[PDB]
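Asks: My structure file final-v1.csv, CSV, C-alpha atoms and all ligand atoms, is below:
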chain,number,residue,atom,x,y,z
Q,26,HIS,CA,-23.4,-7.0,-28.1
Q,27,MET,CA,-21.7,-4.5,-25.7
Q,28,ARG,CA,-18.7,-5.9,-24.1
Q,29,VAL,CA,-18.4,-5.7,-20.3
Q,30,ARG,CA,-15.0,-5.6,-18.6
Q,31,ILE,CA,-15.0,-6.3,-14.9
Q,32,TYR,CA,-12.0,-5.5,-12.8
Q,33,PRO,CA,-11.2,-8.4,-10.4
Q,34,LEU,CA,-11.8,-6.7,-7.1
Q,35,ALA,CA,-15.3,-5.6,-8.2
Q,36,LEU,CA,-16.1,-9.2,-9.0
Q,37,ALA,CA,-14.6,-10.5,-5.8
Q,38,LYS,CA,-16.7,-8.1,-3.7
Q,39,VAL,CA,-19.9,-9.2,-5.5
Q,40,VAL,CA,-19.1,-12.8,-5.0
Q,41,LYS,CA,-18.1,-12.4,-1.3
Q,42,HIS,CA,-21.3,-10.5,-0.7
Q,43,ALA,CA,-23.5,-13.1,-2.4
Q,44,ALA,CA,-21.7,-16.1,-1.1
Q,45,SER,CA,-21.7,-14.8,2.5
Q,46,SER,CA,-25.4,-14.9,2.8
Q,47,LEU,CA,-26.9,-17.9,1.0
Q,48,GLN,CA,-30.3,-17.7,2.6
Q,49,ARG,CA,-31.2,-14.4,1.1
Q,50,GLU,CA,-31.0,-12.3,-2.0
Q,51,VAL,CA,-28.4,-9.6,-1.7
Q,52,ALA,CA,-28.0,-6.5,-3.9
Q,53,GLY,CA,-25.8,-3.5,-4.6
Q,54,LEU,CA,-24.6,-1.0,-7.1
Q,55,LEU,CA,-22.1,-1.3,-9.8
Q,56,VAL,CA,-19.6,1.5,-10.3
Q,57,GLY,CA,-17.5,2.2,-13.4
Q,58,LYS,CA,-17.2,4.0,-16.7
Q,59,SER,CA,-17.5,3.6,-20.4
Q,60,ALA,CA,-14.1,2.9,-22.2
Q,61,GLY,CA,-15.1,3.5,-25.8
Q,62,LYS,CA,-17.6,0.8,-26.7
Q,63,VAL,CA,-16.8,-1.3,-23.6
Q,64,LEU,CA,-18.5,-0.8,-20.2
Q,65,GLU,CA,-16.0,-1.2,-17.4
Q,66,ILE,CA,-17.1,-2.2,-13.9
Q,67,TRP,CA,-14.5,-0.9,-11.4
Q,68,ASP,CA,-16.3,-1.4,-8.1
Q,69,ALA,CA,-19.4,-2.8,-6.4
Q,70,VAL,CA,-21.0,-1.4,-3.3
Q,71,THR,CA,-23.5,-3.2,-1.1
Q,72,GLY,CA,-26.9,-2.0,-0.2
Q,73,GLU,CA,-26.1,-2.8,3.4
Q,74,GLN,CA,-23.3,-0.2,3.6
Q,75,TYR,CA,-25.8,2.5,2.6
Q,76,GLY,CA,-28.4,1.3,5.0
Q,77,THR,CA,-30.5,-0.8,2.7
Q,78,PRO,CA,-30.0,-4.6,3.3
Q,79,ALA,CA,-32.6,-5.6,0.5
Q,80,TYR,CA,-33.7,-3.9,-2.8
Q,81,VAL,CA,-31.1,-1.1,-2.8
Q,82,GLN,CA,-31.3,-1.2,-6.7
Q,83,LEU,CA,-34.7,0.6,-6.3
Q,84,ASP,CA,-33.4,3.1,-3.7
Q,85,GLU,CA,-33.1,6.5,-5.3
Q,86,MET,CA,-31.8,8.3,-2.2
Q,87,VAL,CA,-29.0,5.8,-2.0
Q,88,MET,CA,-28.2,6.1,-5.6
Q,89,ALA,CA,-28.0,9.9,-5.3
Q,90,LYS,CA,-25.7,9.6,-2.3
Q,91,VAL,CA,-23.4,7.2,-4.1
Q,92,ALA,CA,-23.4,9.4,-7.2
Q,93,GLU,CA,-22.6,12.6,-5.1
Q,94,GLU,CA,-19.7,10.8,-3.4
Q,95,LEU,CA,-18.3,9.6,-6.8
Q,96,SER,CA,-18.7,13.3,-7.9
Q,97,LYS,CA,-15.7,13.8,-5.6
Q,98,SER,CA,-13.6,10.7,-6.4
Q,99,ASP,CA,-12.0,12.3,-9.5
Q,100,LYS,CA,-11.4,8.9,-11.1
Q,101,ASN,CA,-14.5,10.0,-13.2
Q,102,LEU,CA,-16.5,7.0,-12.0
Q,103,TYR,CA,-20.3,6.7,-12.0
Q,104,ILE,CA,-23.1,4.2,-11.3
Q,105,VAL,CA,-23.2,1.8,-14.2
Q,106,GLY,CA,-25.8,-0.7,-13.0
Q,107,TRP,CA,-26.7,-3.0,-10.2
Q,108,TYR,CA,-26.2,-6.5,-9.0
Q,109,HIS,CA,-28.1,-9.1,-7.1
Q,110,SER,CA,-27.9,-12.7,-6.0
Q,111,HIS,CA,-30.2,-15.5,-6.8
Q,112,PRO,CA,-28.9,-18.3,-4.5
Q,113,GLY,CA,-30.1,-21.7,-5.8
Q,114,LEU,CA,-32.2,-20.1,-8.6
Q,115,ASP,CA,-29.7,-19.8,-11.3
Q,116,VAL,CA,-29.2,-16.5,-13.2
Q,117,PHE,CA,-31.9,-14.6,-15.0
Q,118,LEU,CA,-34.0,-11.5,-14.6
Q,119,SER,CA,-37.4,-11.8,-13.1
Q,120,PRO,CA,-40.3,-9.7,-14.4
Q,121,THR,CA,-39.6,-7.2,-11.6
Q,122,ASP,CA,-35.9,-7.2,-12.4
Q,123,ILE,CA,-36.6,-6.5,-16.1
Q,124,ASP,CA,-38.7,-3.4,-15.1
Q,125,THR,CA,-35.8,-2.3,-12.8
Q,126,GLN,CA,-33.3,-2.7,-15.6
Q,127,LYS,CA,-35.4,-0.8,-18.1
Q,128,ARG,CA,-35.4,2.1,-15.6
Q,129,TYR,CA,-31.6,1.9,-15.2
Q,130,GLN,CA,-31.1,2.0,-18.9
Q,131,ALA,CA,-33.4,5.1,-19.1
Q,132,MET,CA,-30.9,7.0,-16.9
Q,133,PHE,CA,-27.8,5.5,-18.4
Q,134,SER,CA,-28.0,3.7,-21.8
Q,135,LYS,CA,-25.1,1.4,-21.1
Q,136,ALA,CA,-26.4,0.3,-17.6
Q,137,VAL,CA,-26.2,-3.4,-16.8
Q,138,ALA,CA,-27.6,-5.9,-14.3
Q,139,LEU,CA,-25.2,-8.5,-12.9
Q,140,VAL,CA,-26.9,-11.5,-11.5
Q,141,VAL,CA,-24.9,-14.2,-9.5
Q,142,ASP,CA,-25.9,-17.5,-8.1
Q,143,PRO,CA,-23.1,-18.5,-5.7
Q,144,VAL,CA,-24.4,-21.7,-4.3
Q,145,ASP,CA,-22.1,-24.1,-6.4
Q,146,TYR,CA,-19.1,-21.8,-5.7
Q,147,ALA,CA,-19.8,-21.9,-2.0
Q,148,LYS,CA,-19.9,-25.7,-2.1
Q,149,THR,CA,-16.8,-26.4,-4.3
Q,150,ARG,CA,-14.8,-23.3,-3.5
Q,151,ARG,CA,-13.8,-23.2,-7.1
Q,152,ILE,CA,-14.2,-20.0,-9.0
Q,153,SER,CA,-15.0,-22.1,-12.1
Q,154,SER,CA,-18.3,-23.1,-10.3
Q,155,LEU,CA,-19.5,-19.5,-10.2
Q,156,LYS,CA,-22.7,-18.8,-12.1
Q,157,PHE,CA,-23.1,-15.2,-13.2
Q,158,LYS,CA,-24.2,-13.2,-16.2
Q,159,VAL,CA,-24.4,-9.5,-17.1
Q,160,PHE,CA,-27.6,-8.4,-18.7
Q,161,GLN,CA,-29.1,-5.6,-20.6
Q,162,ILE,CA,-32.5,-5.2,-22.2
Q,163,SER,CA,-32.3,-4.9,-26.0
Q,164,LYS,CA,-34.0,-2.2,-28.0
Q,165,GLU,CA,-36.6,-4.9,-28.9
Q,166,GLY,CA,-37.2,-5.5,-25.2
Q,167,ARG,CA,-35.3,-8.9,-25.0
Q,168,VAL,CA,-33.1,-9.8,-22.1
Q,169,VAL,CA,-29.6,-10.3,-23.5
Q,170,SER,CA,-26.5,-11.7,-21.8
Q,171,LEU,CA,-23.4,-9.7,-22.6
Q,172,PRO,CA,-19.9,-10.9,-23.1
Q,173,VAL,CA,-17.8,-10.4,-20.0
Q,174,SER,CA,-14.0,-10.2,-19.7
Q,175,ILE,CA,-11.8,-9.6,-16.7
Q,176,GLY,CA,-10.0,-6.3,-16.9
Q,177,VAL,CA,-6.2,-6.6,-17.0
Q,178,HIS,CA,-4.8,-3.3,-18.3
Q,179,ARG,CA,-2.2,-2.7,-15.7
Q,180,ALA,CA,-2.7,0.9,-14.8
Q,181,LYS,CA,-6.5,0.6,-14.6
Q,182,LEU,CA,-6.1,-2.8,-12.8
Q,183,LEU,CA,-4.1,-1.0,-10.1
Q,184,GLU,CA,-6.4,2.1,-10.0
Q,185,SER,CA,-9.5,0.0,-9.8
Q,186,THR,CA,-8.1,-2.3,-7.1
Q,187,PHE,CA,-6.9,0.6,-5.0
Q,188,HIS,CA,-10.4,2.2,-5.4
Q,189,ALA,CA,-12.4,-0.9,-4.6
Q,190,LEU,CA,-10.3,-1.7,-1.6
Q,191,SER,CA,-10.8,1.8,-0.3
Q,192,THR,CA,-14.6,1.4,-0.5
Q,193,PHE,CA,-14.9,-2.0,1.1
Q,194,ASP,CA,-16.9,-1.7,4.3
Q,195,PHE,CA,-14.5,-3.4,6.6
Q,196,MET,CA,-15.2,-4.3,10.1
Q,197,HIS,CA,-13.6,-2.1,12.6
Q,198,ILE,CA,-13.4,-0.8,16.1
Q,199,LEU,CA,-12.9,2.9,16.6
Q,200,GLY,CA,-10.6,4.5,19.1
Q,201,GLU,CA,-11.9,7.1,21.4
Y,26,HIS,CA,17.9,-11.4,-11.4
Y,27,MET,CA,14.8,-13.2,-10.1
Y,28,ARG,CA,11.6,-11.7,-11.4
Y,29,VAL,CA,8.9,-10.8,-8.8
Y,30,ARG,CA,5.2,-10.8,-9.9
Y,31,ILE,CA,2.9,-9.0,-7.5
Y,32,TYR,CA,-0.8,-9.4,-7.8
Y,33,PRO,CA,-2.6,-6.1,-7.5
Y,34,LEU,CA,-4.5,-6.6,-4.3
Y,35,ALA,CA,-1.4,-7.6,-2.4
Y,36,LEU,CA,0.3,-4.3,-3.5
Y,37,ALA,CA,-2.8,-2.3,-2.6
Y,38,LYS,CA,-2.9,-3.8,0.9
Y,39,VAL,CA,0.7,-3.0,1.5
Y,40,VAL,CA,0.2,0.6,0.3
Y,41,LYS,CA,-3.0,1.1,2.3
Y,42,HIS,CA,-1.4,-0.2,5.5
Y,43,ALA,CA,1.7,2.0,4.9
Y,44,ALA,CA,-0.3,5.1,4.0
Y,45,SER,CA,-2.4,4.7,7.2
Y,46,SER,CA,0.7,5.5,9.3
Y,47,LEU,CA,2.6,8.3,7.9
Y,48,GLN,CA,4.4,9.1,11.2
Y,49,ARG,CA,5.7,5.6,11.9
Y,50,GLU,CA,7.2,2.6,10.1
Y,51,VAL,CA,4.9,-0.4,9.6
Y,52,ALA,CA,5.6,-4.0,8.6
Y,53,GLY,CA,4.0,-7.2,7.6
Y,54,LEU,CA,4.4,-10.5,5.8
Y,55,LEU,CA,4.3,-11.3,2.1
Y,56,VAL,CA,2.4,-14.4,1.0
Y,57,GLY,CA,2.8,-16.2,-2.3
Y,58,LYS,CA,4.5,-18.9,-4.2
Y,59,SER,CA,7.2,-19.7,-6.7
Y,60,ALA,CA,6.0,-20.0,-10.3
Y,61,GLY,CA,9.0,-21.5,-12.0
Y,62,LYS,CA,11.8,-18.9,-11.9
Y,63,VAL,CA,9.3,-16.2,-10.9
Y,64,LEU,CA,8.3,-15.4,-7.3
Y,65,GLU,CA,4.6,-14.5,-7.1
Y,66,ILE,CA,3.3,-12.3,-4.3
Y,67,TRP,CA,-0.4,-13.2,-3.8
Y,68,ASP,CA,-1.2,-11.4,-0.5
Y,69,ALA,CA,0.3,-9.2,2.2
Y,70,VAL,CA,-0.8,-9.5,5.8
Y,71,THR,CA,-0.2,-7.3,8.8
Y,72,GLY,CA,1.1,-8.5,12.1
Y,73,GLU,CA,-1.9,-7.1,13.9
Y,74,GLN,CA,-4.2,-9.6,12.5
Y,75,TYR,CA,-2.3,-12.4,14.2
Y,76,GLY,CA,-1.5,-10.3,17.3
Y,77,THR,CA,1.9,-8.7,16.9
Y,80,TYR,CA,8.4,-5.7,14.5
Y,81,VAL,CA,6.3,-8.6,13.0
Y,82,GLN,CA,9.0,-9.4,10.4
Y,83,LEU,CA,11.1,-10.6,13.3
Y,84,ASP,CA,8.3,-12.5,15.0
Y,85,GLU,CA,8.8,-16.2,14.7
Y,86,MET,CA,5.7,-17.1,16.8
Y,87,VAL,CA,3.5,-15.1,14.4
Y,88,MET,CA,5.2,-16.4,11.3
Y,89,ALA,CA,4.6,-19.9,12.6
Y,90,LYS,CA,0.9,-19.1,13.1
Y,91,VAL,CA,0.6,-17.6,9.7
Y,92,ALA,CA,2.4,-20.6,8.1
Y,93,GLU,CA,0.2,-23.1,9.9
Y,94,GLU,CA,-2.9,-21.4,8.7
Y,95,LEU,CA,-1.7,-21.1,5.1
Y,96,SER,CA,-0.8,-24.8,5.2
Y,97,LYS,CA,-4.3,-26.0,6.1
Y,98,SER,CA,-6.1,-24.2,3.2
Y,99,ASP,CA,-4.5,-26.0,0.3
Y,100,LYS,CA,-4.0,-22.9,-2.1
Y,101,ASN,CA,-0.3,-23.8,-1.8
Y,102,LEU,CA,0.6,-20.4,-0.5
Y,103,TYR,CA,3.6,-19.7,1.8
Y,104,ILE,CA,5.4,-16.9,3.5
Y,105,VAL,CA,7.7,-15.5,0.7
Y,106,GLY,CA,9.0,-12.4,2.5
Y,107,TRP,CA,8.2,-9.3,4.4
Y,108,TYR,CA,7.4,-5.7,3.8
Y,109,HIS,CA,7.9,-2.5,5.6
Y,110,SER,CA,7.5,1.2,5.2
Y,111,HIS,CA,9.9,4.0,5.3
Y,112,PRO,CA,7.7,7.2,5.1
Y,113,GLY,CA,9.6,10.2,3.9
Y,114,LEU,CA,12.8,8.3,3.6
Y,115,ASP,CA,12.6,6.7,0.2
Y,116,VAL,CA,13.3,3.1,-0.5
Y,117,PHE,CA,16.5,1.3,0.5
Y,118,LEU,CA,17.4,-1.4,3.0
Y,119,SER,CA,19.1,-0.2,6.1
Y,120,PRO,CA,21.8,-2.2,7.9
Y,121,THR,CA,19.1,-3.7,10.2
Y,122,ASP,CA,16.9,-4.6,7.3
Y,123,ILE,CA,19.7,-6.3,5.5
Y,124,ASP,CA,20.4,-8.5,8.6
Y,125,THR,CA,16.6,-9.3,8.7
Y,126,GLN,CA,16.5,-10.1,5.0
Y,127,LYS,CA,19.6,-12.4,5.2
Y,128,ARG,CA,17.7,-14.4,7.9
Y,129,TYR,CA,14.7,-14.7,5.5
Y,130,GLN,CA,16.7,-16.0,2.7
Y,131,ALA,CA,18.4,-18.6,5.0
Y,132,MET,CA,14.9,-20.0,5.5
Y,133,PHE,CA,13.6,-19.7,1.9
Y,134,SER,CA,16.1,-18.9,-0.8
Y,135,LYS,CA,13.6,-16.9,-2.9
Y,136,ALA,CA,12.4,-14.7,0.0
Y,137,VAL,CA,12.2,-11.0,-0.7
Y,138,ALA,CA,11.9,-7.6,1.2
Y,139,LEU,CA,9.4,-5.1,-0.2
Y,140,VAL,CA,10.1,-1.6,1.0
Y,141,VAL,CA,7.6,1.2,0.4
Y,142,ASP,CA,7.6,4.9,0.9
Y,143,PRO,CA,3.8,5.9,0.8
Y,144,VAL,CA,4.1,9.6,1.3
Y,145,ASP,CA,3.6,10.8,-2.4
Y,146,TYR,CA,0.8,8.3,-2.9
Y,147,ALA,CA,-1.0,9.4,0.2
Y,148,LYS,CA,-0.8,13.0,-1.1
Y,149,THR,CA,-1.8,12.4,-4.7
Y,150,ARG,CA,-3.7,9.1,-4.7
Y,151,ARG,CA,-2.2,8.5,-8.2
Y,152,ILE,CA,-0.8,5.1,-9.0
Y,153,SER,CA,2.2,6.8,-10.7
Y,154,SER,CA,3.2,8.2,-7.2
Y,155,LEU,CA,3.8,4.7,-5.8
Y,156,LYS,CA,7.3,4.4,-4.5
Y,157,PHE,CA,8.5,0.9,-3.7
Y,158,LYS,CA,11.2,-1.7,-4.4
Y,159,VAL,CA,11.7,-5.4,-3.9
Y,160,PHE,CA,15.0,-6.6,-2.7
Y,161,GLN,CA,17.2,-9.7,-2.1
Y,162,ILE,CA,20.7,-10.0,-0.8
Y,163,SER,CA,23.1,-11.5,-3.4
Y,164,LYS,CA,25.7,-14.2,-2.7
Y,165,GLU,CA,28.3,-11.4,-2.4
Y,166,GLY,CA,26.2,-9.6,0.2
Y,167,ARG,CA,25.0,-6.8,-2.2
Y,168,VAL,CA,21.4,-5.5,-2.0
Y,169,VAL,CA,19.8,-6.2,-5.3
Y,170,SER,CA,16.6,-4.5,-6.5
Y,171,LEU,CA,14.5,-7.1,-8.4
Y,172,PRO,CA,12.4,-6.5,-11.5
Y,173,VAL,CA,8.8,-6.3,-10.6
Y,174,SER,CA,5.8,-7.0,-12.8
Y,175,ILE,CA,2.1,-6.8,-12.0
Y,176,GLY,CA,0.3,-10.2,-12.1
Y,177,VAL,CA,-2.3,-10.4,-14.8
Y,178,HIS,CA,-2.8,-14.1,-15.6
Y,179,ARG,CA,-6.6,-14.2,-15.5
Y,180,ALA,CA,-7.2,-17.3,-13.3
Y,181,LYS,CA,-4.5,-16.4,-10.8
Y,182,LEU,CA,-5.5,-12.8,-10.8
Y,183,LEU,CA,-9.0,-13.9,-9.7
Y,184,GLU,CA,-7.7,-16.5,-7.2
Y,185,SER,CA,-5.3,-14.0,-5.6
Y,186,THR,CA,-7.8,-11.2,-5.5
Y,187,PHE,CA,-10.5,-13.4,-3.9
Y,188,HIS,CA,-7.9,-14.7,-1.4
Y,189,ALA,CA,-6.4,-11.3,-0.4
Y,190,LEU,CA,-9.9,-9.9,0.0
Y,191,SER,CA,-10.7,-12.7,2.4
Y,192,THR,CA,-7.7,-12.1,4.5
Y,193,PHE,CA,-8.4,-8.3,4.6
Y,194,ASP,CA,-11.9,-8.9,6.0
Y,195,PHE,CA,-11.1,-9.2,9.7
Y,196,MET,CA,-12.0,-7.0,12.7
Y,197,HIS,CA,-9.6,-4.0,12.5
Y,198,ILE,CA,-8.8,-2.3,15.7
Y,199,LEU,CA,-8.2,1.4,14.8
Y,200,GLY,CA,-7.1,4.6,16.5
D,301,ZN,ZN,-33.7,-11.4,-9.6
D,302,ZN,ZN,13.8,-0.3,7.0
Translate the structure described by the file into structure tokens.
Ligand SMILES: [Zn+2]
Ligand SMILES: [Zn+2]
Replies:
Amino acid sequence: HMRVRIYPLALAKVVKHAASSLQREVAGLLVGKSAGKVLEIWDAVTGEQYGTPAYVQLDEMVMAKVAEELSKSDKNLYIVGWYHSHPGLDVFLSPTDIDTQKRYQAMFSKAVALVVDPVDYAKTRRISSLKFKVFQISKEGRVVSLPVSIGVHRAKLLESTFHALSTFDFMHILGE
Amino acid sequence: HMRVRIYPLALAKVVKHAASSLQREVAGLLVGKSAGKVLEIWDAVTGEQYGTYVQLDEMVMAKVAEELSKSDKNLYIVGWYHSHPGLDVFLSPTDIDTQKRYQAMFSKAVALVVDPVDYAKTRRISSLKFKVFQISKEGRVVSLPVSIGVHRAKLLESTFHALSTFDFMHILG
């Protein structure tokens, strides 16, 4: 099965997003690149930041805007999938999620769906309580859970952290 | 010489703060913990976030310390950072006096000095220009060996924490 490597700030952003809002399902886009046979996840962007607080995984206009912006980044990054939370429901793809993931794979064969259920992590504050999986649909149409590692290659760790920090939609007050 | 292990989000926050002010020196606090003989830097926080020359501000440092204390990640103030845009990376006479005062309070305290100009221009990691210093028993300024922290569990813990402390209401402009 394809290995997935997630750099730590991408995962932190997913988790913070999911755990921040336990009474609803949140979603966003995964940003990264292939590294030989491994799919690397460098960043995660919320639907909210692009104006879509629910179901941004289905929002083609947002995907095109994110893709156009990455067109400039010059780290050679692209959309690699989508994420969403399932608070209190555990981690799986629903029938609708499967259809969404099939469409993602049509546009990029290595696309993945990260599903997180942050409830236990919110309760214990231990990262070990996190429940998440990264899925693809197999060629036989089966949902498969992929092996996930944390990315630690030092140069890419630095680059990915600097990138993911730069895209975090921090709260701010503008000067006039 | 003491090894310094800096987790990547802490570095990134220092550099982002420094690169946001290319026409003036900025400063902040380093947060971390000792891991045997190694000093770990887990986070870097600005004075602004606590109301702040923050490296000299004992009221802020006490507030930062109190708050770190109540959370149980066993993190502490372990030094200070500041930028020298366009001037390269050294400790000035004034910085040396500041650093001596830090080491009086915590023997492993360090001074990170960053010159963000090349990084601001290229956005390449290879353009980073920074050093981490202590003052020796003889009064010499020692540049310490620096590694990037990659231990998987601490890398996650430090990243999740440093993101949490970044996410405040920034007053810009
Ligand atoms: Zn779902
Ligand atoms: Zn200085």
Asks: Could you check the closest approach to chain Q for each of Y:165, Y:142, Y:194, Y:73 and tell me which residue wins, using only C-alpha atoms?
Replies: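 Checking each of Y:165, Y:142, Y:194, Y:73 against chain Q, counting only C-alpha atoms, the winner is Y:194.
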Asks: In terms of the shortest atom-to-atom distance over all atoms listed in the file, which of Y:38, Y:28, Y:49, Y:197 is closest to chain Q?
Replies: Y:197
Asks: Select, as number ranges by chain, those residues of chain Y with any atom no more than 10 Å from chain Q (distances computed using all atoms listed in the file).
Replies: Y: 32-38, 40-41, 150-153, 174-180, 182-191, 193-200
Asks: Smallest atom-to-atom distance to ligand ZN 302 (chain D): which of Y:123, Y:64, Y:29, Y:47, using only C-alpha atoms and all ligand atoms?
Replies: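 The shortest atom-to-atom distance to ligand ZN 302 (chain D) comes from Y:123.
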Asks: What does the structure give for the distance between atom CA of residue Q:122 and atom ZN of ligand ZN 301 (chain D), in Å to one decimal?
Replies: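 Going from atom CA of residue Q:122 over to atom ZN of ligand ZN 301 (chain D) covers 5.5 Å.
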Asks: Could you work out an axis-aligned box for stretch 166-181 of chain Q, taking every atom the file lists and adding 8 Å on each side, and report centre and edge lengths in Å to one decimal, as lines of an AutoDock Vina configuration file?
Replies:
center_x = -19.7
center_y = -5.4
center_z = -19.9
size_x = 51.0
size_y = 28.6
size_z = 26.6
